[PDB]
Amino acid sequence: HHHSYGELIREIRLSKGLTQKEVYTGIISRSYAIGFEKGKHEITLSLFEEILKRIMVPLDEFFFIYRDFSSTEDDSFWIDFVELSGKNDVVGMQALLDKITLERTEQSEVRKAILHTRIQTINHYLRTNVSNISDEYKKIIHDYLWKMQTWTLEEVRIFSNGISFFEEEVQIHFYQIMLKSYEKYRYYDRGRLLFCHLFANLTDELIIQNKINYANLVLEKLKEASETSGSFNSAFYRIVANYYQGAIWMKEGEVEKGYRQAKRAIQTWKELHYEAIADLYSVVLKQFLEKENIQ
């Protein structure tokens, strides 16, 4: 985020050998352009899009450059939270919680509830094996999503943390709403991978719970999402889908076919230098063979 917009436009314009005349003519006047390039005028967004076109830089690339080549989002909540969750850093989450608390936006309630629940869960796990969570925070999350008819990706992310907090009927109802947004977003490069990840997680959890009809339904979505418009960017999740199709085959009595497919996915992750993923799925596979009691 730590980087005016017009000062960057100037630098880019200059790097391309473009004149002010050719960048700004018909968009804004000469002196307005001079002011904008010194950071003395706030540009409107509609005028800004036209200027970006004149220097051939899409909005998102501009912001990537503008945040000094680091993030593709202003608001780093989900990036930060995922990183902290991932390495279980309860001290870091508490700091993230303190920060967003000082802004105290009213609607940061759901994000705060997520963080609180994650801090209570991690700290209980540090004292026991097993999970220790307040009803108040689960209620906040439930009630935020309750009665919404259409989701943006924020709710997709919320749902994916909150899902175990809801009764089955409610989980299914939210899933059906999620699906309407999936249908729009499956052609969005960023949204597509978030849906793949969520569908992978659900498929995994459904298998473990032996809800095989549902696991098949969700797997079909993971397959579709990962194959959407022949996308290159979702190859990884096609491997994931192959792994879970393998597991489901084992459960449907197609054991040797299922097992060979699952082993092939693991080998594929190895061959493509995703070793840590391969290792993790090997554990999943072994535990599955045991729980399901397979040979």
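Start at 1 and count along the sequence shown; that's the residue number.
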item	value
Deposited residues lacking coordinates between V130 and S131 (none, 1 to 3, 4 to 9, 10 or more)	1 to 3
Residues with no coordinates between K291 and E292, taken from the deposited sequence as a class	none
Between the two ranges 246-254 and 266-274, the one averaging a larger CA B factor in the entry	246-254
Segment of higher mean CA temperature factor, 210-218 or 147-155	210-218
Out of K180, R192, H173, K99, residue topping the C-alpha B-factor column of the entry	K99
Third assignment of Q20 from its chain's C-alpha B-factors	middle
Third assignment of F48 from its chain's C-alpha B-factors	lowest
Lowest, middle or highest third - CA B-factor, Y237	lowest
Third of the chain's Cα B-factor distribution that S226 belongs to, per the entry	lowest
Ranked against its chain, the third holding the CA B-factor of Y32	highest
